[PDB]
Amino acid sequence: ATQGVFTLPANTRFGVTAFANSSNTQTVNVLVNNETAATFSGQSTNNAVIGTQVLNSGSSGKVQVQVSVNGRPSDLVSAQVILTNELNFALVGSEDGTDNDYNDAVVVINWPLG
């Protein structure tokens, strides 16, 4: 199944934040309507917040998270959760290796903001 792709409401501000837990440097790309809108990278095994940014979902609302480790795409897992019919989290984990913790880069998208 496709993972790391979320339909947000259009023209809406959202937070995107990436955490690293791997001996390898992670590179996280965030695409809005198929165009790169943010890129984060770092190397930590203790959950460093390698990036965080406010983006606008634009007219399509399409947001896609990709993760790579020196050019090699990682396998993704993802889901969206909604609390009290209002508060939205889109969640991504990624695996660059052999141990299947899926925490090598962890991405959380949240909206609404403000």
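The numbering used is simple: start at 1 and walk along the sequence shown.
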Check: Which wins on mean Cα temperature factor, 60-68 or 42-50?
Finding: 60-68
Next item on the list: With reference to the PDB entry, specify whether the mean Cα temperature factor is higher for 27-35 or for 77-85.
Entry: 27-35
Margin query: Quiz for you: based on the deposited Cα B-factor, which of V106, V16, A90, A10 is highest?
Written below: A10
Check: By its CA B factor, does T2 count among the lowest, middle or highest third of the modelled residues in the chain?
Finding: highest
Margin query: Please place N100 in the lowest, middle or highest third of its chain according to the CA B-factor in the PDB entry.
Written below: highest
